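Residue numbers (the working numbering), protein chains in the order written: chain A, 1 to 120; chain B, 1001 to 1154; chain C, 2001 to 2054.
Each residue gets a CB set at the ideal place from its N, CA and C atoms; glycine is no exception.
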Amino acid sequence: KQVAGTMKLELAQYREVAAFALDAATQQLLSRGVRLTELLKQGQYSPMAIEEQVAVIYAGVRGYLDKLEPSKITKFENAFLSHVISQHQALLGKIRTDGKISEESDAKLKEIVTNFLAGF
Amino acid sequence: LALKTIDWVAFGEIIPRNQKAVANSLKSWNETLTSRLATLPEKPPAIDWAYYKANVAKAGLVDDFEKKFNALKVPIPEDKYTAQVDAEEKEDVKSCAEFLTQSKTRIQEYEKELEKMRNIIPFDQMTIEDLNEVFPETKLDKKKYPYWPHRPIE
Amino acid sequence: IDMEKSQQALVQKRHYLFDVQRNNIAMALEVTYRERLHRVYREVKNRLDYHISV
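Encoded structure:
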């Protein structure tokens, strides 16, 4: 909820931005909605918990991949998901224990975010 | 469970420009193989001697087939990391030799260069010849450009 | 001078790449073995079914 309330709001704004067809503010909102759409959907039969949910929620909420191609967003998203499932899997358990936004967990988040960003 | 390490983000910065794109292809196939190894389990799915036995009419058949599977053998693969190891060691040799040799030689050369750079002659105490040697580019060309003052009209 | 130093450093560190190549080969072999295991499993299960089902 913390990781993505603003994310949902910005999705709404990008729709309000999508309500048009050259503000670099609007352009930024556009790239943001681009990533948001490139991410939100999913394929059939992919059960999971809110874990990767809150993860990518902060990640897009970070928007440090807004530069990354929204086309490349889905691929690098699979990449980051695999990275988290492998390494920060224990850190994922930690965030699960983080029944609150742990600034420590948040820092691990930004760190592994840069890490997977290199892996991109 | 073996995989030796390159900092792939940095590791892209190790190859000569020959086929570093092919190197990237190799790294991508490596990540692909990592995912693939993640997919399947290391061991077989199990087999029920007595469970499927009581479950099947082929009961003692189920146990005997469990025994046969214990006897049955799938072929294990083969490895050639030895060739890779030899290539890796020889490359380490060649590259290290070339580096620690030519880089160090140029290091000495540019070290002398820096020394001479700290060794700039004072202008008034710099003869015309002082510069002419120091800046060989001021050479008289006194054959190619002999005619006193032996230089182009510029 | 800095360039010579940096070129030396990078060419030296390169060996991690050969490590990764070993990684690729080792993963290939391990996957082959694991897949052979699982394939044997599936064959055994198919054989077991071929009688219980009948």
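Practice problem: Return no unless some Cβ of chain B is closer than 7 Å to the Cβ of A118 of chain A. | Solution: For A118 of chain A, the answer is yes, since a Cβ of chain B falls inside 7 Å of its Cβ.
Practice problem: Check whether the Cβ of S1103 of chain B lies closer than 7 Å to any Cβ atom in chain C. | Solution: Interface residue, yes.
Self-check item: Where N1119 of chain B sits in the DSSP three-state scheme
Solution: Coil at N1119 of chain B, not helix or strand.
Self-check item: From C:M2003, C:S2006, C:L2017, C:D2002, residue whose alpha carbon lies closest to that of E1091 of chain B
Solution: Ranking the options by Cα distance to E1091 of chain B, first place goes to C:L2017.
Self-check item: N-terminal and C-terminal residue of the alpha helix (DSSP H) that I95 of chain A is part of
Solution: Counting along the chain, the alpha helix (DSSP H) containing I95 of chain A begins and ends at 89–97.
Self-check item: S82 of chain A: contacting residues in chain B (beta-carbon distance under 9 Å)
Solution: Chain B residues near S82 of chain A: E1031, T1034, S1035, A1038.
Quiz item: Quick one: what's got a C-beta closer than 6 Å to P70 of chain A's C-beta in the same chain, skipping five residues either side?
Solution: If the five residues before and after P70 of chain A are omitted, its C-beta is found closer than 6 Å to the C-beta atoms of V34, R35, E38, all from its own chain and listed in chain order.
Self-check item: Test item: CB-CB of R2014 of chain C and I1107 of chain B under 7 Å
Solution: Their beta carbons are not under 7 Å apart, which means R2014 of chain C does not touch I1107 of chain B by this criterion.
Quiz item: What residue range is occupied by the uninterrupted alpha helix (DSSP H) comprising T1039 of chain B?
Solution: DSSP places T1039 of chain B in the uninterrupted alpha helix (DSSP H) bounded by 1020–1039.
Exercise. Would you kindly check if the distance between the Cβ of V17 of chain A and the Cβ of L30 of chain A is under 7 Å?
Key: Yes; because the gap between Cβ atoms is below 7 Å, this pair is in contact.
Self-check item: Cβ contact (3+ pairs, closer than 8 Å) linking the segment 1058–1071 of chain B and the segment 1043–1050 of chain B
Solution: Taking one beta carbon from each stretch, the segment 1058–1071 of chain B and the segment 1043–1050 of chain B have 3 or more pairs nearer than 8 Å; the two touch.
Quiz item: If you measure beta-carbon to beta-carbon, which residues of the segment 1042–1057 of chain B are closer than 8 Å to chain C?
Solution: So the list reads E1042, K1043, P1044, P1045, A1046, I1047, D1048, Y1052, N1055, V1056, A1057, given in the order they occur along the chain.
Practice problem: List the residues of chain A whose Cβ lies closer than 8 Å to the Cβ of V1009 of chain B, in chain order. | Solution: Within 8 Å of the CB of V1009 of chain B, the CB atoms of chain A belong to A118, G119, in sequence order along the chain.
Practice problem: Closer than 9 Å by beta-carbon distance: list the chain C residues that pair up with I1076 of chain B, in chain order. | Solution: Residues of chain C whose Cβ lies closer than 9 Å to the Cβ of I1076 of chain B are, in chain order, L2029, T2032, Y2033, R2036.
Quiz prompt | Contacts that residue 1221 of chain B makes with chain C (C-beta to C-beta distance below 9 Å) | solution = Because chain B is modelled from 1001 through 1154, residue 1221 of chain B falls outside the range shown and cannot be assessed.
Quiz item: Of all the options B:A1021, B:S1095, B:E1031, which has the alpha carbon lying nearest to the alpha carbon of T1005 of chain B?
Solution: Comparing alpha-carbon positions, the option among B:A1021, B:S1095, B:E1031 lying closest to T1005 of chain B turns out to be B:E1031.
Exercise. Output, in chain order, the set of chain C residues within a Cβ distance shorter than 9 Å of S1095 of chain B.
Key: Simply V2011, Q2012, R2014, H2015.
Quiz item: In chain C, what lies closer than 8 Å to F1099 of chain B by C-beta?
Solution: Taking a Cβ-Cβ threshold of 8 Å, the residues of chain C close to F1099 of chain B are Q2007, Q2008, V2011, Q2012, in chain order.
Self-check item: Exposed unless 16 or more other CB atoms sit within 10 angstroms - verdict on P1044 of chain B
Solution: Taking a 10 Å sphere around the C-beta of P1044 of chain B, we find 16 or more other C-beta atoms and assign the residue as buried.
Quiz item: Within 10 angstroms of its Cβ, does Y1147 of chain B collect 16 or more other Cβ (buried), or is it exposed?
Solution: Result: exposed.
Quiz item: What separation, rounded to the nearest whole angstrom, lies between the Cα atoms of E104 of chain A and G5 of chain A?
Solution: Linking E104 of chain A to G5 of chain A through their CA atoms gives a straight-line distance of about 20 Å.
Quiz item: In terms of residues, what are the limits of the alpha helix (DSSP H) holding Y1147 of chain B?
Solution: First-last for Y1147 of chain B: undefined, no H or E at that position.
Quiz item: Are the segment 2018–2038 of chain C and the segment 1017–1037 of chain B touching, with three or more C-beta to C-beta distances below 8 Å?
Solution: In this structure the segment 2018–2038 of chain C touches the segment 1017–1037 of chain B; the number of beta carbon pairs closer than 8 Å is three or more.
Exercise. Would you tell me roughly how many angstroms separate the C-alpha atoms of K110 of chain A and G119 of chain A, rounded to the nearest one?
Key: Straight-line Cα distance between these residues: approximately 14 Å.
Quiz prompt | Neighbour-count burial assignment, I73 of chain A, 16 or more Cβ in a 10 Å radius | solution = With 16 or more other Cβ atoms within 10 Å, it is buried.
Quiz item: Along chain C, which residues have their Cβ under 8 Å away from the Cβ of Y1110 of chain B?
Solution: For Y1110 of chain B, the chain C residues whose Cβ falls inside 8 Å of its Cβ are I2001, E2004, in order along the chain.
Quiz prompt | Candidates B:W1008, B:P1077, B:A1023, B:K1020, of which the one nearest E2030 of chain C by Cα | solution = Nearest of B:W1008, B:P1077, B:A1023, B:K1020 to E2030 of chain C, Cα basis: B:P1077.
Practice problem: Return yes when the Cβ of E52 of chain A is within less than 7 Å of the Cβ of residue 197 of chain A, no when it is not. | Solution: Lying before the first or after the last residue shown, residue 197 of chain A is absent from chain A, which here runs from 1 to 120.
Quiz item: Do we get a CB-CB distance below 7 Å when we pair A1021 of chain B with the residues of chain E?
Solution: In summary, chain E is missing from the structure at hand, where the protein chains are A, B and C.
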